[PDB]
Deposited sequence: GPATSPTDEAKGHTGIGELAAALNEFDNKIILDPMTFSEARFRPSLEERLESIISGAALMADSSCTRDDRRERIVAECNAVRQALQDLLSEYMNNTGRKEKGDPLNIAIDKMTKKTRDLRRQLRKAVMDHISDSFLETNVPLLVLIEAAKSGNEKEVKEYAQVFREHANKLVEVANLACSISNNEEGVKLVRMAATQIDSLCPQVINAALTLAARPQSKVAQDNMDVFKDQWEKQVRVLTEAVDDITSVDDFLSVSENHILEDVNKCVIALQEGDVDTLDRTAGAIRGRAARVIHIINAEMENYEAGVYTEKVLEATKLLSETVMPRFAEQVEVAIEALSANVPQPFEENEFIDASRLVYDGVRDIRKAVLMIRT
């Protein structure tokens, strides 16, 4: 029950700005209208200051917050004229359209800022567990304690992002489906920690081991449920555009790493590029299930398979060449392959948006 709090606030605000021109007074409406909008702006600002929001995006959100605020001022001015007449006159009408457009624009950047998080956060979603299990398999209860904390933080970050996606969603069932999933991640987290702790206490115990395995398997499952639910309330539009932005950022980083002969950074960053690619194909395959087979799904799936079958492996191989040469030359091959990954993602997006 309920949609996202921020979504609902924005939706109400769009309704509440529509007033009988005749019975209007600033004294009566200004305070609540102003308050609603500022409350929206606090939410948008939190979002904008949040860890994964890119700089450009924080800037655009900030610019949209100043623009709605000034749009309401403009609207209220126009209501103040136009007072004591029956019909909304022209300056008031266009002012209402303006208020509503800017509120749409704000929504868009918020959706985009939420993708920044989704893009980053739902990569290599397993690593922390794997690390925490390796430590447990070693005995060191000091070390298992700290990696357990790292696992908790990652657990919460996932739930944090789920929540962010909820609060801008207008899909009541979708939102419900993610909150449940996030709940399961909450109860499941400490239990996974226990199994790890009990295991590290007695690393030779076959029970402790089987028990870790049962929690490993459950957790990985439930993360996939949370991932999918979040995917399900996220527009593939925003997913594509943000994945394109991030891939281009990652490419720049690789290029730098290459300039610096830096294999660690190159390897970690090219990994993200592959993850992000895998995640578009994931989300887009899933989206195509909402369409009957035909011309539209055909073009999309041919573009998804080409990226999958040909272009990615050709990118991974090229990375290996570089890492081999730097570990022991022409960068053209790495540039060309990165461009083809990006471009492959553009073709998917073109086909989806047909």
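S.K.: Note down, first to last, the deposited-sequence stretches for which the model contains no C-alpha atom.
M.R.: Deposited residues absent from the model fall in 1-13, 342-346, 373-375.
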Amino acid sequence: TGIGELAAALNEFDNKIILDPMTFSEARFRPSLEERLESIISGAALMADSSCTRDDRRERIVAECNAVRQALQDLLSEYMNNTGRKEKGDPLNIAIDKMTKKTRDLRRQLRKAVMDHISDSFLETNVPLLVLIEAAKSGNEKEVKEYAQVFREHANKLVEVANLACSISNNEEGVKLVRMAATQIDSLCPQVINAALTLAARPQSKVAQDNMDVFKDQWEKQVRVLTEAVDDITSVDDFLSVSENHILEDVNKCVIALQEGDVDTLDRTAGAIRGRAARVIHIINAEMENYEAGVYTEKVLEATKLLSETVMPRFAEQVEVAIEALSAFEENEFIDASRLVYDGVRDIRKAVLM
From here on, numbers count along this sequence of modelled residues.
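S.K.: Using only the Cα atoms and their B-factors as the entry lists them, report which of 340-348 and 18-26 averages higher.
M.R.: Looking at the record's C-alpha B-factors, the answer is 18-26.
S.K.: When the C-alpha temperature factors are averaged for each of 241-249 and 84-92, which stretch ends up with the higher value in the entry?
M.R.: On average, C-alpha B-factors are higher across 84-92.
S.K.: Looking at the C-alpha B-factor values in the deposited entry, which of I233, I168, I284, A200 comes out highest?
M.R.: Going by the entry's C-alpha B-factors, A200 comes out highest.
S.K.: Per the entry's Cα B factor values, which of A136, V161, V255, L110 stands out as the maximum?
M.R.: Highest C-alpha B-factor among the listed residues goes to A136.
S.K.: Just say lowest, middle or highest third for the CA B-factor of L177 relative to the other modelled residues in its chain.
M.R.: Answer is middle: the recorded C-alpha B-factor places it there.
S.K.: Ranking every modelled residue in this chain by its Cα temperature factor as given in the entry, which third contains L326?
M.R.: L326: CA B-factor falls in the highest third of its chain.
S.K.: Taking the chain's C-alpha temperature factors as the reference, tell me which third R268 falls into: lowest, middle or highest.
M.R.: According to the entry, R268 has a C-alpha B-factor in the chain's middle third.
S.K.: Taking the C-alpha B-factors as the PDB entry records them, is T100 in the lowest, middle or highest third of its chain?
M.R.: For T100, the deposited C-alpha B-factor lands in the middle third.
S.K.: Where does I193 sit by CA temperature factor within its chain: lowest, middle or highest third?
M.R.: Highest third.
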